[PDB]
file entry_7.pdb (PDB, C-alpha atoms)
ATOM      1  CA  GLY A 277      18.683  -4.512  16.952  1.00  0.00           C
ATOM      2  CA  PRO A 278      17.765  -2.355  13.873  1.00  0.00           C
ATOM      3  CA  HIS A 279      17.090  -5.523  11.758  1.00  0.00           C
ATOM      4  CA  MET A 280      14.775  -7.266  14.297  1.00  0.00           C
ATOM      5  CA  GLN A 281      13.079  -3.893  14.975  1.00  0.00           C
ATOM      6  CA  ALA A 282      11.743  -4.089  11.375  1.00  0.00           C
ATOM      7  CA  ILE A 283      10.195  -7.558  11.954  1.00  0.00           C
ATOM      8  CA  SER A 284       8.735  -6.453  15.326  1.00  0.00           C
ATOM      9  CA  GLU A 285       6.521  -3.832  13.607  1.00  0.00           C
ATOM     10  CA  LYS A 286       5.755  -6.308  10.736  1.00  0.00           C
ATOM     11  CA  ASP A 287       4.421  -9.063  13.075  1.00  0.00           C
ATOM     12  CA  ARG A 288       2.837  -6.612  15.620  1.00  0.00           C
ATOM     13  CA  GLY A 289       1.221  -4.347  12.990  1.00  0.00           C
ATOM     14  CA  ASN A 290       0.141  -7.367  10.845  1.00  0.00           C
ATOM     15  CA  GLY A 291      -1.563  -9.030  13.882  1.00  0.00           C
ATOM     16  CA  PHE A 292      -3.512  -5.742  14.329  1.00  0.00           C
ATOM     17  CA  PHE A 293      -4.304  -5.233  10.576  1.00  0.00           C
ATOM     18  CA  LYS A 294      -5.658  -8.803  10.105  1.00  0.00           C
ATOM     19  CA  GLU A 295      -7.740  -8.313  13.314  1.00  0.00           C
ATOM     20  CA  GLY A 296      -9.327  -5.203  11.644  1.00  0.00           C
ATOM     21  CA  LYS A 297      -7.292  -2.695  13.806  1.00  0.00           C
ATOM     22  CA  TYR A 298      -5.750  -0.782  10.831  1.00  0.00           C
ATOM     23  CA  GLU A 299      -5.403   2.438  12.937  1.00  0.00           C
ATOM     24  CA  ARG A 300      -3.390   0.481  15.579  1.00  0.00           C
ATOM     25  CA  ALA A 301      -1.253  -1.255  12.900  1.00  0.00           C
ATOM     26  CA  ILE A 302      -0.235   2.138  11.378  1.00  0.00           C
ATOM     27  CA  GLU A 303       1.412   3.207  14.637  1.00  0.00           C
ATOM     28  CA  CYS A 304       3.334  -0.095  14.585  1.00  0.00           C
ATOM     29  CA  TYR A 305       4.795   0.178  11.018  1.00  0.00           C
ATOM     30  CA  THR A 306       5.506   3.901  11.724  1.00  0.00           C
ATOM     31  CA  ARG A 307       8.188   2.839  14.292  1.00  0.00           C
ATOM     32  CA  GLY A 308       9.946   0.634  11.685  1.00  0.00           C
ATOM     33  CA  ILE A 309      10.204   3.340   8.955  1.00  0.00           C
ATOM     34  CA  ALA A 310      11.793   5.505  11.689  1.00  0.00           C
ATOM     35  CA  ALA A 311      14.080   2.590  12.824  1.00  0.00           C
ATOM     36  CA  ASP A 312      15.239   1.455   9.327  1.00  0.00           C
ATOM     37  CA  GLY A 313      13.582   3.363   6.433  1.00  0.00           C
ATOM     38  CA  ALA A 314      14.938   0.811   3.865  1.00  0.00           C
ATOM     39  CA  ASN A 315      12.295  -2.015   3.795  1.00  0.00           C
ATOM     40  CA  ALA A 316       9.479  -1.181   1.304  1.00  0.00           C
ATOM     41  CA  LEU A 317       7.081  -3.489   3.223  1.00  0.00           C
ATOM     42  CA  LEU A 318       6.813  -1.237   6.350  1.00  0.00           C
ATOM     43  CA  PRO A 319       5.447   1.773   4.324  1.00  0.00           C
ATOM     44  CA  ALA A 320       3.393  -0.606   2.078  1.00  0.00           C
ATOM     45  CA  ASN A 321       1.446  -2.025   5.063  1.00  0.00           C
ATOM     46  CA  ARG A 322       1.024   1.468   6.643  1.00  0.00           C
ATOM     47  CA  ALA A 323      -0.338   2.605   3.236  1.00  0.00           C
ATOM     48  CA  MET A 324      -2.747  -0.394   3.048  1.00  0.00           C
ATOM     49  CA  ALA A 325      -3.950   0.273   6.624  1.00  0.00           C
ATOM     50  CA  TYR A 326      -4.586   4.018   5.791  1.00  0.00           C
ATOM     51  CA  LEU A 327      -6.463   2.796   2.653  1.00  0.00           C
ATOM     52  CA  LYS A 328      -8.637   0.555   4.961  1.00  0.00           C
ATOM     53  CA  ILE A 329      -9.709   3.741   6.926  1.00  0.00           C
ATOM     54  CA  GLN A 330     -10.172   5.819   3.732  1.00  0.00           C
ATOM     55  CA  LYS A 331      -7.019   7.942   4.316  1.00  0.00           C
ATOM     56  CA  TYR A 332      -6.031   8.046   0.619  1.00  0.00           C
ATOM     57  CA  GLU A 333      -4.202  11.388   1.236  1.00  0.00           C
ATOM     58  CA  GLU A 334      -1.860   9.513   3.655  1.00  0.00           C
ATOM     59  CA  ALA A 335      -1.802   6.223   1.707  1.00  0.00           C
ATOM     60  CA  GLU A 336      -0.719   7.983  -1.556  1.00  0.00           C
ATOM     61  CA  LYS A 337       2.432   9.148   0.286  1.00  0.00           C
ATOM     62  CA  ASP A 338       3.187   5.780   1.965  1.00  0.00           C
ATOM     63  CA  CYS A 339       2.651   3.914  -1.329  1.00  0.00           C
ATOM     64  CA  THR A 340       5.172   6.340  -2.953  1.00  0.00           C
ATOM     65  CA  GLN A 341       7.560   5.751  -0.011  1.00  0.00           C
ATOM     66  CA  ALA A 342       7.399   1.944  -0.540  1.00  0.00           C
ATOM     67  CA  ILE A 343       8.232   2.485  -4.275  1.00  0.00           C
ATOM     68  CA  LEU A 344      11.237   4.678  -3.279  1.00  0.00           C
ATOM     69  CA  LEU A 345      12.743   1.845  -1.157  1.00  0.00           C
ATOM     70  CA  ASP A 346      12.069  -0.869  -3.825  1.00  0.00           C
ATOM     71  CA  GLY A 347      11.275   0.506  -7.359  1.00  0.00           C
ATOM     72  CA  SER A 348       9.998  -2.888  -8.586  1.00  0.00           C
ATOM     73  CA  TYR A 349       7.120  -3.289  -6.068  1.00  0.00           C
ATOM     74  CA  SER A 350       4.187  -3.687  -8.502  1.00  0.00           C
ATOM     75  CA  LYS A 351       1.718  -3.920  -5.573  1.00  0.00           C
ATOM     76  CA  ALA A 352       2.923  -0.545  -4.213  1.00  0.00           C
ATOM     77  CA  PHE A 353       1.803   0.975  -7.587  1.00  0.00           C
ATOM     78  CA  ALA A 354      -1.674  -0.744  -7.628  1.00  0.00           C
ATOM     79  CA  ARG A 355      -2.170   0.376  -3.972  1.00  0.00           C
ATOM     80  CA  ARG A 356      -1.165   3.978  -4.881  1.00  0.00           C
ATOM     81  CA  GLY A 357      -3.626   3.908  -7.819  1.00  0.00           C
ATOM     82  CA  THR A 358      -6.428   2.784  -5.430  1.00  0.00           C
ATOM     83  CA  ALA A 359      -5.525   5.719  -3.123  1.00  0.00           C
ATOM     84  CA  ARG A 360      -5.304   8.371  -5.932  1.00  0.00           C
ATOM     85  CA  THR A 361      -8.613   6.988  -7.333  1.00  0.00           C
ATOM     86  CA  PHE A 362     -10.729   7.960  -4.290  1.00  0.00           C
ATOM     87  CA  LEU A 363      -8.507  11.047  -3.731  1.00  0.00           C
ATOM     88  CA  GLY A 364      -9.987  12.492  -6.980  1.00  0.00           C
ATOM     89  CA  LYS A 365      -6.591  12.140  -8.797  1.00  0.00           C
ATOM     90  CA  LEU A 366      -8.197   9.389 -11.009  1.00  0.00           C
ATOM     91  CA  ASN A 367      -5.883  10.123 -13.990  1.00  0.00           C
ATOM     92  CA  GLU A 368      -2.780   9.889 -11.680  1.00  0.00           C
ATOM     93  CA  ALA A 369      -4.059   6.475 -10.463  1.00  0.00           C
ATOM     94  CA  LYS A 370      -4.142   5.246 -14.105  1.00  0.00           C
ATOM     95  CA  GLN A 371      -0.442   6.237 -14.516  1.00  0.00           C
ATOM     96  CA  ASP A 372       0.216   3.913 -11.536  1.00  0.00           C
ATOM     97  CA  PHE A 373      -1.923   0.917 -12.759  1.00  0.00           C
ATOM     98  CA  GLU A 374      -0.347   1.137 -16.279  1.00  0.00           C
ATOM     99  CA  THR A 375       2.986   0.502 -14.416  1.00  0.00           C
ATOM    100  CA  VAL A 376       1.759  -2.602 -12.486  1.00  0.00           C
ATOM    101  CA  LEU A 377       1.336  -4.408 -15.852  1.00  0.00           C
ATOM    102  CA  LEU A 378       5.049  -3.832 -16.737  1.00  0.00           C
ATOM    103  CA  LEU A 379       6.138  -5.595 -13.514  1.00  0.00           C
ATOM    104  CA  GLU A 380       3.279  -8.213 -13.726  1.00  0.00           C
ATOM    105  CA  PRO A 381       2.321  -8.901 -17.471  1.00  0.00           C
ATOM    106  CA  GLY A 382      -1.074 -10.452 -16.460  1.00  0.00           C
ATOM    107  CA  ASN A 383      -2.122  -8.638 -13.232  1.00  0.00           C
ATOM    108  CA  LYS A 384      -5.924  -8.917 -12.718  1.00  0.00           C
ATOM    109  CA  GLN A 385      -5.952  -6.016 -10.188  1.00  0.00           C
ATOM    110  CA  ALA A 386      -4.011  -3.795 -12.670  1.00  0.00           C
ATOM    111  CA  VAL A 387      -6.586  -4.563 -15.387  1.00  0.00           C
ATOM    112  CA  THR A 388      -9.688  -4.317 -13.124  1.00  0.00           C
ATOM    113  CA  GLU A 389      -8.845  -1.451 -10.691  1.00  0.00           C
ATOM    114  CA  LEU A 390      -7.731   0.503 -13.826  1.00  0.00           C
ATOM    115  CA  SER A 391     -11.021  -0.189 -15.671  1.00  0.00           C
ATOM    116  CA  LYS A 392     -12.779   1.849 -12.869  1.00  0.00           C
ATOM    117  CA  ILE A 393     -10.639   4.887 -13.890  1.00  0.00           C
ATOM    118  CA  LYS A 394     -11.962   4.667 -17.498  1.00  0.00           C
ATOM    119  CA  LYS A 395     -15.749   3.972 -16.861  1.00  0.00           C
ATOM    120  CA  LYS A 396     -18.526   6.672 -16.781  1.00  0.00           C
TER     121      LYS A 396
ATOM    122  CA  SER B 638      -4.710 -15.065  -0.794  1.00  0.00           C
ATOM    123  CA  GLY B 639      -2.660 -15.135  -4.044  1.00  0.00           C
ATOM    124  CA  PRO B 640      -0.364 -12.323  -5.433  1.00  0.00           C
ATOM    125  CA  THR B 641      -2.874  -9.621  -4.304  1.00  0.00           C
ATOM    126  CA  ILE B 642      -2.394  -6.043  -3.055  1.00  0.00           C
ATOM    127  CA  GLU B 643      -4.734  -5.932   0.027  1.00  0.00           C
ATOM    128  CA  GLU B 644      -2.647  -8.603   1.858  1.00  0.00           C
ATOM    129  CA  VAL B 645       0.262  -7.375   4.097  1.00  0.00           C
ATOM    130  CA  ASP B 646       3.804  -8.780   3.592  1.00  0.00           C
TER     131      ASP B 646
END

call {"tool": "encode", "arguments": {"input": "entry_7.pdb", "output": "structure tokens"}}
result
Amino acid sequence: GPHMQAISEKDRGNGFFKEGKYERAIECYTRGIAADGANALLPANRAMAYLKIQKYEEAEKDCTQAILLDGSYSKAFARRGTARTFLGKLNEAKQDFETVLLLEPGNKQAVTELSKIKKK
Amino acid sequence: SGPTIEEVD
């Protein structure tokens, strides 16, 4: 049912994403956001997969969507910052990495992936 | 590997 439908796209999309088939894994997690739309993981993995095929325009939106279902998902912010970085919205990516450190007061990705925003 | 962002949940 509508619960197990959300795991089906998790396992099936994950087994594609870890195999390097990010494009195939997107179409999996897509079914779950349309079946449930309440787990922040489904949009977070679709965002990561889009970010692995340099679709930062699509991965910005799916990172935002994961933050709308959770609000406390520090990874969904760091992922959004990595999208907005290579999208040219570098200063918007900073506003996302500065958040990751509120939710994780030692995050090495939030210190490092943010340092790229500030460099020449 | 660890509490990292590029791993899927």

call {"tool": "atom_distance", "arguments": {"input": "entry_7.pdb", "atom1": "atom CA of residue 289 of chain A", "atom2": "atom CA of residue 317 of chain A"}}
result
11.4 Å

call {"tool": "closest_atom_pairs", "arguments": {"input": "entry_7.pdb", "of": "chain B", "to": "chain A", "cutoff": "8 Å", "atoms": "only C-alpha atoms", "output": "JSON lines"}}
result
{"residue": "B:641", "atom": "CA", "partner": "A:351", "partner_atom": "CA", "distance": 7.4}
{"residue": "B:642", "atom": "CA", "partner": "A:351", "partner_atom": "CA", "distance": 5.3}
{"residue": "B:643", "atom": "CA", "partner": "A:324", "partner_atom": "CA", "distance": 6.6}
{"residue": "B:645", "atom": "CA", "partner": "A:321", "partner_atom": "CA", "distance": 5.6}
{"residue": "B:646", "atom": "CA", "partner": "A:317", "partner_atom": "CA", "distance": 6.2}

call {"tool": "write_last_selection", "arguments": {"input": "entry_7.pdb", "atoms": "C-alpha atoms", "output": "compact mmCIF listing (two decimals), in the frame of the given file"}}
result
# COMPACT_ATOMS: atom_id res chain seq x y z
CA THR B 641 -2.87 -9.62 -4.30
CA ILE B 642 -2.39 -6.04 -3.06
CA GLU B 643 -4.73 -5.93 0.03
CA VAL B 645 0.26 -7.38 4.10
CA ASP B 646 3.80 -8.78 3.59

call {"tool": "atom_distance", "arguments": {"input": "entry_7.pdb", "atom1": "atom CA of residue 361 of chain A", "atom2": "atom CA of residue 306 of chain A"}}
result
23.9 Å

call {"tool": "axis_aligned_box", "arguments": {"input": "entry_7.pdb", "around": "chain B", "padding_each_side": "6 Å", "output": "AutoDock Vina command-line options"}}
result
--center_x -0.5 --center_y -10.5 --center_z -0.7 --size_x 20.5 --size_y 21.2 --size_z 21.5

call {"tool": "atom_distance", "arguments": {"input": "entry_7.pdb", "atom1": "atom CA of residue 357 of chain A", "atom2": "atom CA of residue 374 of chain A"}}
result
9.5 Å

call {"tool": "residues_near_point", "arguments": {"input": "entry_7.pdb", "point": "(-0.2, 4.8, 5.8)", "cutoff": "6 Å", "atoms": "all atoms listed in the file", "output": "ChimeraX atom specification"}}
result
/A:322-323,325-326,334-335,338

call {"tool": "closest_residue", "arguments": {"input": "entry_7.pdb", "among": "A:392, A:363, A:296, A:348", "to": "residue 378 of chain A", "atoms": "all atoms listed in the file"}}
result
A:348

call {"tool": "resolve_selection", "arguments": {"input": "entry_7.pdb", "expression": "the PyMOL selection byres ((chain A and resi 371) around 10)", "output": "list in words"}}
result
residues 353, 354, 356, 357, 366, 367, 368, 369, 370, 372, 373, 374, 375, 376 and 390 of chain A

call {"tool": "write_last_selection", "arguments": {"input": "entry_7.pdb", "atoms": "C-alpha atoms", "output": "compact mmCIF listing (two decimals), keeping the file's coordinate frame"}}
result
# COMPACT_ATOMS: atom_id res chain seq x y z
CA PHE A 353 1.80 0.98 -7.59
CA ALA A 354 -1.67 -0.74 -7.63
CA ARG A 356 -1.16 3.98 -4.88
CA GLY A 357 -3.63 3.91 -7.82
CA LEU A 366 -8.20 9.39 -11.01
CA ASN A 367 -5.88 10.12 -13.99
CA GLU A 368 -2.78 9.89 -11.68
CA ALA A 369 -4.06 6.48 -10.46
CA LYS A 370 -4.14 5.25 -14.10
CA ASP A 372 0.22 3.91 -11.54
CA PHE A 373 -1.92 0.92 -12.76
CA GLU A 374 -0.35 1.14 -16.28
CA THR A 375 2.99 0.50 -14.42
CA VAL A 376 1.76 -2.60 -12.49
CA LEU A 390 -7.73 0.50 -13.83

call {"tool": "residues_around", "arguments": {"input": "entry_7.pdb", "residues": "residue 313 of chain A", "least_positions_apart": "5", "cutoff": "10 Å", "atoms": "only C-alpha atoms", "output": "PyMOL selection string"}}
result
chain A and resi 282+306-308+318-319+341-342+345

call {"tool": "decode", "arguments": {"input": "entry_7.pdb", "residues": "segment 315-339 of chain A", "atoms": "N, CA, C and O atoms", "output": "PDB file, in the first residue's frame"}}
result
ATOM      1  N   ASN A 315       7.569  11.774   2.834  1.00  0.00           N
ATOM      2  CA  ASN A 315       8.942  11.406   3.180  1.00  0.00           C
ATOM      3  C   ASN A 315       9.945  12.319   2.466  1.00  0.00           C
ATOM      4  O   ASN A 315       9.971  12.374   1.238  1.00  0.00           O
ATOM      5  N   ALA A 316      10.816  12.975   3.227  1.00  0.00           N
ATOM      6  CA  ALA A 316      11.851  13.886   2.721  1.00  0.00           C
ATOM      7  C   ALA A 316      13.023  13.166   2.037  1.00  0.00           C
ATOM      8  O   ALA A 316      13.787  13.772   1.293  1.00  0.00           O
ATOM      9  N   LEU A 317      13.131  11.859   2.237  1.00  0.00           N
ATOM     10  CA  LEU A 317      14.154  11.006   1.644  1.00  0.00           C
ATOM     11  C   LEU A 317      13.946  10.849   0.129  1.00  0.00           C
ATOM     12  O   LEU A 317      14.878  11.056  -0.642  1.00  0.00           O
ATOM     13  N   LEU A 318      12.727  10.525  -0.307  1.00  0.00           N
ATOM     14  CA  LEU A 318      12.396  10.362  -1.736  1.00  0.00           C
ATOM     15  C   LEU A 318      12.893  11.545  -2.600  1.00  0.00           C
ATOM     16  O   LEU A 318      13.658  11.318  -3.544  1.00  0.00           O
ATOM     17  N   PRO A 319      12.536  12.807  -2.277  1.00  0.00           N
ATOM     18  CA  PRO A 319      13.039  13.971  -2.996  1.00  0.00           C
ATOM     19  C   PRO A 319      14.539  14.191  -2.760  1.00  0.00           C
ATOM     20  O   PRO A 319      15.233  14.588  -3.691  1.00  0.00           O
ATOM     21  N   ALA A 320      15.082  13.862  -1.581  1.00  0.00           N
ATOM     22  CA  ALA A 320      16.512  13.997  -1.308  1.00  0.00           C
ATOM     23  C   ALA A 320      17.385  13.106  -2.205  1.00  0.00           C
ATOM     24  O   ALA A 320      18.409  13.561  -2.718  1.00  0.00           O
ATOM     25  N   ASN A 321      16.976  11.855  -2.435  1.00  0.00           N
ATOM     26  CA  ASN A 321      17.708  10.958  -3.321  1.00  0.00           C
ATOM     27  C   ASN A 321      17.533  11.344  -4.793  1.00  0.00           C
ATOM     28  O   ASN A 321      18.521  11.340  -5.529  1.00  0.00           O
ATOM     29  N   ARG A 322      16.320  11.732  -5.227  1.00  0.00           N
ATOM     30  CA  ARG A 322      16.113  12.292  -6.569  1.00  0.00           C
ATOM     31  C   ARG A 322      16.974  13.537  -6.814  1.00  0.00           C
ATOM     32  O   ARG A 322      17.590  13.643  -7.873  1.00  0.00           O
ATOM     33  N   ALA A 323      17.099  14.417  -5.817  1.00  0.00           N
ATOM     34  CA  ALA A 323      17.982  15.577  -5.881  1.00  0.00           C
ATOM     35  C   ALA A 323      19.452  15.164  -6.026  1.00  0.00           C
ATOM     36  O   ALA A 323      20.132  15.655  -6.923  1.00  0.00           O
ATOM     37  N   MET A 324      19.929  14.238  -5.185  1.00  0.00           N
ATOM     38  CA  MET A 324      21.299  13.716  -5.270  1.00  0.00           C
ATOM     39  C   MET A 324      21.597  13.125  -6.645  1.00  0.00           C
ATOM     40  O   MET A 324      22.586  13.492  -7.269  1.00  0.00           O
ATOM     41  N   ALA A 325      20.726  12.257  -7.150  1.00  0.00           N
ATOM     42  CA  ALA A 325      20.818  11.683  -8.482  1.00  0.00           C
ATOM     43  C   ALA A 325      20.906  12.746  -9.592  1.00  0.00           C
ATOM     44  O   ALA A 325      21.846  12.682 -10.377  1.00  0.00           O
ATOM     45  N   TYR A 326      20.033  13.763  -9.615  1.00  0.00           N
ATOM     46  CA  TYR A 326      20.134  14.924 -10.519  1.00  0.00           C
ATOM     47  C   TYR A 326      21.481  15.653 -10.372  1.00  0.00           C
ATOM     48  O   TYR A 326      22.114  16.023 -11.361  1.00  0.00           O
ATOM     49  N   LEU A 327      21.987  15.798  -9.153  1.00  0.00           N
ATOM     50  CA  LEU A 327      23.300  16.389  -8.875  1.00  0.00           C
ATOM     51  C   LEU A 327      24.463  15.517  -9.393  1.00  0.00           C
ATOM     52  O   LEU A 327      25.522  16.049  -9.728  1.00  0.00           O
ATOM     53  N   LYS A 328      24.264  14.202  -9.544  1.00  0.00           N
ATOM     54  CA  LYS A 328      25.251  13.267 -10.111  1.00  0.00           C
ATOM     55  C   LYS A 328      25.250  13.258 -11.646  1.00  0.00           C
ATOM     56  O   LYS A 328      26.194  12.746 -12.240  1.00  0.00           O
ATOM     57  N   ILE A 329      24.268  13.894 -12.296  1.00  0.00           N
ATOM     58  CA  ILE A 329      24.199  14.141 -13.756  1.00  0.00           C
ATOM     59  C   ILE A 329      24.202  15.635 -14.098  1.00  0.00           C
ATOM     60  O   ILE A 329      23.864  16.032 -15.214  1.00  0.00           O
ATOM     61  N   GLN A 330      24.607  16.459 -13.130  1.00  0.00           N
ATOM     62  CA  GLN A 330      24.854  17.893 -13.277  1.00  0.00           C
ATOM     63  C   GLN A 330      23.598  18.699 -13.651  1.00  0.00           C
ATOM     64  O   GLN A 330      23.626  19.690 -14.385  1.00  0.00           O
ATOM     65  N   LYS A 331      22.474  18.264 -13.073  1.00  0.00           N
ATOM     66  CA  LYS A 331      21.124  18.825 -13.220  1.00  0.00           C
ATOM     67  C   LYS A 331      20.767  19.693 -12.016  1.00  0.00           C
ATOM     68  O   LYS A 331      19.731  19.511 -11.385  1.00  0.00           O
ATOM     69  N   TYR A 332      21.660  20.604 -11.650  1.00  0.00           N
ATOM     70  CA  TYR A 332      21.518  21.493 -10.503  1.00  0.00           C
ATOM     71  C   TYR A 332      20.228  22.326 -10.530  1.00  0.00           C
ATOM     72  O   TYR A 332      19.663  22.581  -9.471  1.00  0.00           O
ATOM     73  N   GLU A 333      19.722  22.679 -11.718  1.00  0.00           N
ATOM     74  CA  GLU A 333      18.407  23.313 -11.885  1.00  0.00           C
ATOM     75  C   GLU A 333      17.279  22.434 -11.320  1.00  0.00           C
ATOM     76  O   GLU A 333      16.344  22.934 -10.706  1.00  0.00           O
ATOM     77  N   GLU A 334      17.366  21.116 -11.495  1.00  0.00           N
ATOM     78  CA  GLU A 334      16.344  20.176 -11.016  1.00  0.00           C
ATOM     79  C   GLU A 334      16.581  19.777  -9.558  1.00  0.00           C
ATOM     80  O   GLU A 334      15.640  19.613  -8.775  1.00  0.00           O
ATOM     81  N   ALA A 335      17.857  19.635  -9.200  1.00  0.00           N
ATOM     82  CA  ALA A 335      18.292  19.261  -7.857  1.00  0.00           C
ATOM     83  C   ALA A 335      18.135  20.380  -6.817  1.00  0.00           C
ATOM     84  O   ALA A 335      17.912  20.066  -5.650  1.00  0.00           O
ATOM     85  N   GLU A 336      18.194  21.663  -7.200  1.00  0.00           N
ATOM     86  CA  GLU A 336      17.789  22.774  -6.331  1.00  0.00           C
ATOM     87  C   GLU A 336      16.367  22.533  -5.810  1.00  0.00           C
ATOM     88  O   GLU A 336      16.125  22.567  -4.602  1.00  0.00           O
ATOM     89  N   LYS A 337      15.448  22.238  -6.738  1.00  0.00           N
ATOM     90  CA  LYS A 337      14.013  22.139  -6.477  1.00  0.00           C
ATOM     91  C   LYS A 337      13.700  20.926  -5.599  1.00  0.00           C
ATOM     92  O   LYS A 337      12.950  21.028  -4.633  1.00  0.00           O
ATOM     93  N   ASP A 338      14.325  19.785  -5.894  1.00  0.00           N
ATOM     94  CA  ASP A 338      14.152  18.553  -5.116  1.00  0.00           C
ATOM     95  C   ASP A 338      14.832  18.598  -3.742  1.00  0.00           C
ATOM     96  O   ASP A 338      14.290  18.062  -2.773  1.00  0.00           O
ATOM     97  N   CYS A 339      15.951  19.313  -3.610  1.00  0.00           N
ATOM     98  CA  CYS A 339      16.493  19.621  -2.287  1.00  0.00           C
ATOM     99  C   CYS A 339      15.533  20.489  -1.466  1.00  0.00           C
ATOM    100  O   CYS A 339      15.272  20.160  -0.310  1.00  0.00           O
TER     101      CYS A 339
END
